[PDB]
Amino acid sequence: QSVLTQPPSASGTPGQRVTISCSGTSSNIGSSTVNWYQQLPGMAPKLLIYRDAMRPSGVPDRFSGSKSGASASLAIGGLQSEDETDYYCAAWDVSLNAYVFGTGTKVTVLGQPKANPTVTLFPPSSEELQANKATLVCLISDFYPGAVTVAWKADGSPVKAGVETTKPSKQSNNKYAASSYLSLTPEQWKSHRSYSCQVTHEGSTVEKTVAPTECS
Amino acid sequence: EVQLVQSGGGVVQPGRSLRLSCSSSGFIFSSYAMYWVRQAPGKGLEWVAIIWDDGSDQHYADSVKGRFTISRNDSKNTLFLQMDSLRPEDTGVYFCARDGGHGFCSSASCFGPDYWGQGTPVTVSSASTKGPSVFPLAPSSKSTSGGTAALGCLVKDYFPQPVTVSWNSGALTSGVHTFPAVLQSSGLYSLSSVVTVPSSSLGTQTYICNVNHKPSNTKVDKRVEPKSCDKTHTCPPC
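Its PDB header attributes the entry to X-ray crystallography and lists the resolution as 3.0 Å.

Below is the structure:
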């Protein structure tokens with residue numbers, strides 16, 4: 001039973017006192033201690049604070065912990081920009097007899113300028129059309145923050161079909177990247193006058209419009 | 001220095017098996033309890049098992065229960081995970097960590113993981129080694145901003161990750177921008193590369209994308225050439 005609910009995000013300007021709670025049950029945190037882990041996503045985590053409150057020496061004095069009954073919290077008291085990692089809490093549930101991990105919190109440091117998407121859109125390749133297929137590819141680059149919305153249209157009308165969009169990643173352009181692959185029939189594709197990948201990032205929507213009869 | 005390394009399977013067919021190893025270093029193994037912890041991609045950390053210092057007992061997560069097995073050889077200095085009956089949900093990176101305590105976890109005390117170690121990836125999928133159909137994504141004549149042009153390669157419908165898409169036998173760099181793959185409904189992937197070049201240049205030069213999908217052993221070269229439409233790019237230099 002993986003009830004160690006943490007609030008999925010935590011904001012904060014540099015230097016401020018940012019806390020992350022985590023409410024569990026009597027049967028886990030109510031019973032055993034909580035630890036705090038720091039994970040750079042996908043990659044090898046690390047012991048940030050143990051036995052409720054204590055630091056591993058080597059952890060900066062700026063981090064502190066605290067139980068309170070059936071719940072417990074981590075506070076970062078001096079919010080540096082490096083503090084942008086994932087924060088997991090965890091506690092041995094004596095009922096289940098299991099190590100129960102948190103649901104995770106991603107701490108975001110609020111200083112960086114909104115970089116706009118650099119949307120670049122390619123039509124189906126003529127060879128790909130000979131293999132009886134139509135793939136429109138929309139590419140979205142150099143944007144920040146990492147929340148984009150890609151929407152597919154054709155002529156004047158929304159398209160929801162074969163629209164497989166990636167989730168925004170991390171280029172060490174220090175900014176975010178995404179893709180979205182619209183999948184048609186060669187036959188569908190030429191039925192319309194114009195396809196567009198409009199992509200909306202912090203109020204601003206940016207289109208890129210493509211048309212079947214380039215040359216003609 | 002505590003050094004923990006796993007060494008275990010990657011891609012398997014659902015219903016097959018793997019066996020993750022994890023050797024330790026820097027500490028007296030036979031004194032500490034060990035964990036196995038996984039993490040399906042872009043989700044949290046999930047605990048999978050604990051085994052006591054002396055292996056007298058060992059606990060599992062409900063999920064993993066009865067399919068998986070935590071084994072430990074105090075001798076060679078290794079922690080195992082025997083994964084039978086692999087389900088597609090089992091996907092992810094498997095970590096082995098150390099319990100920094102007195103070699104179990106109980107109602108008295110539970111230190112939990114102090115050092116972890118790296119991770120080894122496993123992908124369970126109902127999905128077989130398929131080679132990339134590389135269709136060239138050709139540059140247009142339609143004049144964008146004044147930020148010149150950008151042309152590329154669609155490396156479509158493959159398995160498994162990864163693929164290696166270099167430009168012009170790797171002569172061509174940092175114009176280049178190869179995106180992360182989308183994992184499509186198929187259970188098959190797709191990436192793209194885009195080399196963003198001066199509109200000028202387009203038609204003096206010979207951009208050829210060199211794709212390599214090791215697991216199919218698929219080496220595909222593809223010329224990425226402008227549409228006959230472009231006369232200003234396709235016509236001979238006047």
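A. The arrangement of the layout of surface pockets in detail. Volume-wise, the second largest pocket comes out at about 940 Å³. As for the second largest pocket, its lining consists of 39 residues, of which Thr120, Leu121 and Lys208 of chain A together with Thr144 and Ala150 of chain B are closest to the centre. Only β10 (120–122), β11 (134–143) and β18 (209–210) of chain A provide two or more residues apiece to the lining of the second largest pocket. In terms of residue count, β10 of chain A provides more of the lining of the second largest pocket than any other element does, 3 residues in total. Among the residues making up the lining of the second largest pocket, the classes are represented as 15 nonpolar, 19 polar and 5 charged.

B. Main features of the state of the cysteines. Residues and elements named next belong to chain B. Within this structure, the stated rule accounts for 6 disulfides over all chains. Two residues share a disulfide in this structure: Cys105 and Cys110, whose sulfurs sit 2.1 Å from each other. Every disulfide takes its handedness from the sign of the S-S torsion; for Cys105 and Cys110 that torsion is 80°, giving right-handed. Overall, the relative accessible area of 6% leaves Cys110 in the buried class.

C. Fine view of the interface of chain A and chain B. Contact residues are listed per partner, giving 46 residues for chain A and 52 residues for chain B. Taken over both partners, the interface formed by chain A and chain B buries close to 3800 Å², and the fraction arising from carbon and sulfur atoms is 63%. Interface area lost by chain A to chain B is led by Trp92, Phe122 and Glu214 of chain A, which between them contribute 16%. Our count for the contact surface shared by chain A and chain B stands at 2 salt bridges. Between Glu128 of chain A and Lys156 of chain B there is a salt bridge whose closest N-O contact spans 2.9 Å.

D. Structural detail: the domain arrangement of chain A. Segmenting chain A into domains produces domain 1 (1–111) and domain 2 (112–212). Distance between the C-alpha centres of domain 1 of chain A and domain 2 of chain A: 37 Å.

E. Structural view of the environment of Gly42 of chain B. All names here are of chain B. Here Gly42 shows up in the loop between β4 (34–39) and β5 (46–51). Using a relative accessible area of 88% as the deciding quantity, one classes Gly42 as exposed. For the pair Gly42 and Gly92, spaced 50 residues apart in sequence, the C-alpha separation works out to 9.4 Å.

F. Structural context of the domain arrangement of chain B. According to the domain assignment, chain B consists of domain 1 (1–126) and domain 2 (127–229). Its C-alpha centre places domain 1 of chain B at a distance of 39 Å from the equivalent point of domain 2 of chain B.

G. Focus on the pairing of strand β15 (residues 189–195) of chain B. Residue and element names in this part refer to chain B. Counting buried positions over the 7 residues of β15 gives 7, a clear majority of the element. Of the two faces of β15, the one lined by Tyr189, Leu191, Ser193 and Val195 and the one lined by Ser190, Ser192 and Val194 are each fully buried. Examined bridge by bridge, strand β14 (residues 182–183) and β15 share 2 bridges and lie antiparallel to one another. Directly across from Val182, in β15, lies its bridge partner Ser190. Once β14 ends, the chain turns through 5 residues before running back antiparallel as β15, passing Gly187 with a positive phi of about 95°.

H. Up close: the packing of aromatic side chains. Going through the model one piece at a time under the given rule, you end up with 19 aromatic pairs over all chains. Ring centres of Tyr144 of chain A and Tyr176 of chain A lie 6.3 Å apart, and the angle between their planes is 80°; on these two criteria the pair is classed as edge-to-face. In this pair, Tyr144 of chain A sits in the loop between β11 and β12 (149–154) while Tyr176 of chain A sits in strand β15 (residues 176–184), placing the two residues 32 residues apart along the sequence. Taken together, the ring pairs in this structure connect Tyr37, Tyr99 and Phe101 of chain A together with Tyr35, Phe95 and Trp116 of chain B into an aromatic cluster.

I. Molecular detail of the sheet that holds β5 of chain B. All names here are of chain B. An order of β2-β10-β9-β4-β5-β6 is seen for the 6 strands of this open sheet, with the pairing classed as mixed. Only two strands of the sheet have a single partner each, and these edge strands are β2 (11–12) and β6 (58–60). Strand direction decides the pairing type here: β4 and β5, joined by 5 bridges, are antiparallel. The residue bridging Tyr35 from the neighbouring strand is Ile50, located in β5.

J. Geometry of the pattern of salt bridges. In the structure shown here, the tally under the stated rule is 12 salt bridges over all chains. Of the charged contacts in the structure, one is a salt bridge between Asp83 of chain A and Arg62 of chain A, with a shortest N-O distance of 2.6 Å. Residue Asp83 of chain A is located in the loop between β6 (71–77) and β7 (86–93), and its partner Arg62 of chain A is located in the loop between β4 (47–49) and β5 (63–67); the two are separated by 21 residues in the primary sequence. As far as the burial class goes, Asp83 of chain A and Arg62 of chain A line up, both buried. When the shortest N-O distance is used, the salt bridge between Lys106 of chain A and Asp86 of chain A registers 2.7 Å. Here the residue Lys106 of chain A occupies a position in strand β9 (residues 105–107), and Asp86 of chain A occupies one in strand β7, the gap between them amounting to 20 residues. Classification of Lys106 of chain A as partly exposed rests on a relative accessible area of 39%. Judged by relative accessible area, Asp86 of chain A falls into the buried class, the value being 5%. One salt-bridge network, held together by shared partners, links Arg38, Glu46, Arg67 and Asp90 of chain B.

What counts, and at which threshold
- Residues numbered from 1 in each chain as written, not as in the entry; some residues may be left out.
- Chains lettered and ligands numbered in written order.
- Heavy atoms only, no water.
- 1 Å grid on protein atoms, 1.4 Å probe; cavity = no way out; pocket = protein on both sides within 12 Å on 5 of 7 lines; lining within 4 Å.
- Points joined across faces, edges and corners; volume = space filled by probe spheres on them.
- Helix = DSSP H or I, 4+ residues; strand = E, 2+ residues; numbered from the N terminus.
- Nonpolar A, V, L, I, M, F, W, Y, C, P; charged D, E, K, R; others polar.
- Disulfide = S-S within 2.5 Å.
- Buried < 20%, exposed > 50% of the residue type's maximum accessible area, 1.4 Å probe, protein only.
- Contact = heavy atoms within 4.5 Å.
- Buried area = accessible area lost by both parts, 1.4 Å probe.
- Salt bridge = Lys/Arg side-chain N within 4 Å of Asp/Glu carboxyl O.
- Domains from an automatic or database assignment.
- Pairing = 2+ DSSP bridges.
- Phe/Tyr/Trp six-rings, centres within 6.5 Å; stacked < 30°, edge-to-face > 60°.

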